[PDB]
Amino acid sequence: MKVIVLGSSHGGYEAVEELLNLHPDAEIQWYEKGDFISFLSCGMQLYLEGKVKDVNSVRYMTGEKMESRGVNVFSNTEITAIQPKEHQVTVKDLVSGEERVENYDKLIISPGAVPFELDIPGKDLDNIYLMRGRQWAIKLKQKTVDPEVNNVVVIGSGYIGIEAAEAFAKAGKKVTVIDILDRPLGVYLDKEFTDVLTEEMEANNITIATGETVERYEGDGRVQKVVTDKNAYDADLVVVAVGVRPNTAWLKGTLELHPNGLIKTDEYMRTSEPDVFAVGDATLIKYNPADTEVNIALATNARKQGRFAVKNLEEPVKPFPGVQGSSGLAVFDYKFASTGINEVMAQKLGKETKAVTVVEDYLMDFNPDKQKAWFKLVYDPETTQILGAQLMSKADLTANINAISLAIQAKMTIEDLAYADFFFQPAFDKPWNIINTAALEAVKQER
């Protein structure tokens, strides 16, 4: 059986791993159009901030190691087209220019997404950078120590834009973050959390310019100004972190696509065509908090979909269990984590929720190490089933969100969590820990 896997990033990589333990026998070709196998773009912040010194070690696999395991790795080789009826792909070797047709028994594609660019006047003056992959990681690092870079502007106030803002502020630059949305990180966190985080970033001289539409980049040769509908900002460097486009225009006409460009797949990762499976950022995933399919571009999703595509290679036998959208990050001193439905998700989905927020020290009063923690529990008004939760503290309490993700998937209620058995020991928590305490508040509010 011959399986061709497209992409060496999180989705393609786990499809090769599960192929190796479920079909050791198979002939596996692994294709990557780029030059570097399995660079971890998730580790770009650690590298930019100097925590990791070698950019080439920010990876989780090499072609050499996969070849020791019997996989045929083809880097600098692009899949140009798929011919799904005859079960063939056309591939182009990018160093020699040679094209060739390859036949397959099963095809798994994880083509990913590309950084979205603002296509506005000034579009590319030099020093308007993107943040994805090795090459952009290297170029961004060189700018961190450039004495000519004093002002950096990042467009986008989501996860990636805040990682770039923190890394340039820690390198000693003045950073302005611009976005049309009214709060940074609103897709992950509600206003009581992003209000604290906005103060924290402003303390580290990051200006957050919310509610503005970038109109043009100005400059001579290279960027010098970013002008919005409301203002103009000096910029020696712009990082555009506004979002991501699915890398699928080459597939139009071959596979069914949704209007926004994402590949249509069912719960077995099957596309519209027999024997080709699609996984990763270019797909929708079952989202258990709201029982619907949502595009949640996270590495954890691509990895699980990649293994489920191999489980369903022969027969649709193993429907995907669905995910809660869990994410986590440190922003200067704060470590936050969230899962499930928050305010912006409930809006998008037209879902009504109730929520309690507790802010208090997470250790008992006599303990000198005590610190404030914020915890918000979101639940269904009718059933009181748990729908989401967000937590933040300068202490790392983030592993508690792993219990809430399971609570959502098992459809537990506020009462289940108010009395759930969580350990107590006074150097670690209070007799009713952070989850218990917020669920006890919710039970009282519904009494």
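So that there is no doubt, residue numbering starts at 1 and follows the sequence shown.
316-324 and 346-354 differ in mean CA B-factor, and the higher of the two is recorded for 346-354. Mean CA temperature factor is higher for 77-85 when stretches 77-85 and 368-376 are set side by side in the entry. Residue set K139, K170, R270, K252: peak C-alpha B-factor at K252 (per PDB entry). Which of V196, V214, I162, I263 has the largest Cα B-factor in the deposited entry comes down to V214.
Per the deposited record, the Cα B-factor of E200 falls in the middle third when ranked against the other modelled residues of its chain.
In the deposited entry, the Cα temperature factor of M392 sits in the bottom third of values across the chain's modelled residues. Placement of the Cα temperature factor of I120 within the chain: highest third of the modelled residues, per the deposited record.
Sort the modelled residues of the chain by CA B factor and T292 lands in the highest third. Remark: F336 belongs to the lowest third of its chain, ranked by C-alpha B-factor as recorded.
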